[PDB]
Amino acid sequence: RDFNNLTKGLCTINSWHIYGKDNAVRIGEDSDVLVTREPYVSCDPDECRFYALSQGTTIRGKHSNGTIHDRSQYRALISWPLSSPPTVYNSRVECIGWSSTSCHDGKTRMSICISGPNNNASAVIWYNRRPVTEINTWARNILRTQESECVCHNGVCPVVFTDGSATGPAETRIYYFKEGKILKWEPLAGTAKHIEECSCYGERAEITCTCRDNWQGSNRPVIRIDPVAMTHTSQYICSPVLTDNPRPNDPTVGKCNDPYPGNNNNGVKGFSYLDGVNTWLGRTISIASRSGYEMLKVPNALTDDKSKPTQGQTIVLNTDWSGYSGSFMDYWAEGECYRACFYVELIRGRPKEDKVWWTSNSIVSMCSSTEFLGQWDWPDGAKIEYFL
């Protein structure tokens, strides 16, 4: 009924508790589970749901062959109930396309899907489950967006798009939507040199996005957005605890205003919570592949170029596959503070498990606790041999 406002700060993060897990690849071995990738989580005022890009086939279906490809006419943003698997019978299609974001502004949901050939893509912006605005490609090279939820404040929902090269300068724009209409857009500013796949959260009337510099950086770019002024800035996480993948080994000193070098032309969607001493970074455990997942408390990671971990939690062991990770919060929970949450995509099949013809994923998701909770690890759990 009223637009949500980001009026709280982050709760104190002392560990992470289990929130949701769908076991999709395990279940889908013998039931009608859609092939997906690029999942995330997003809340409405009365319900939190899982989101992902469907590949328009089941896992056991013969059409799962070739689902390593990212962009086809058979993809769609779907959502489904928390910790269920994305099945043919319980998945709701939000919009058609192969890159997406979605967020609820307190009154209703905006969802954005991009589709088209590489040189001629377009975003359709849906609001209250109707298409309202369309944006054509501006650089004719894979118009793409967050692949995790956007955040709204007083009806204003900023969204980061990038169009242009994955391996060289690109054109990044921040659109400021309200009711699916464009209030304003800006070209990227500040010192981030390449932006993809922003993972975002809102607190005290500011939106923080941790992104992927695909071109040069193994540290992550950060965009900080003021949704009232509709202005933003960008920099990198200063910390030497480097959080992209693949990446070089951690140094002793990071970079604040440039890419930390050592790996070019590659990366993974990731996230952080940047809140002074209450700062936690996610990363794959492996420097070489999307294997393992950990949370590291790195006080002042954003601003301190020598900051190292003071605490940590294993999410996925290094002998298990991970993938994309991103941020969401239940903005509508009761209580004095916003509880940080994240999900990790657990990718299975190709390219690393190539005895199957498909690529898919399941989801694990955690939220922060002010307790110091015991840790477990949360693998996908499927036996690929079963699919042979």
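Numbering starts at 1 and runs along the sequence shown.
The top Cα temperature factor in the record, among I114, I78, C256, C150, falls on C256.
Per-chain ranking of the deposited C-alpha B factor places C103 in the lowest third.
Per the PDB record, residue ranking by Cα B-factor puts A189 in the highest third of the chain.
When the modelled residues of the chain are ordered by C-alpha B-factor, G155 sits in the middle third.
Residue-level temperature factors show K269 in the middle third of its chain, judged at the C-alpha atom. Remark: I18 belongs to the lowest third of its chain, ranked by C-alpha B-factor as recorded.
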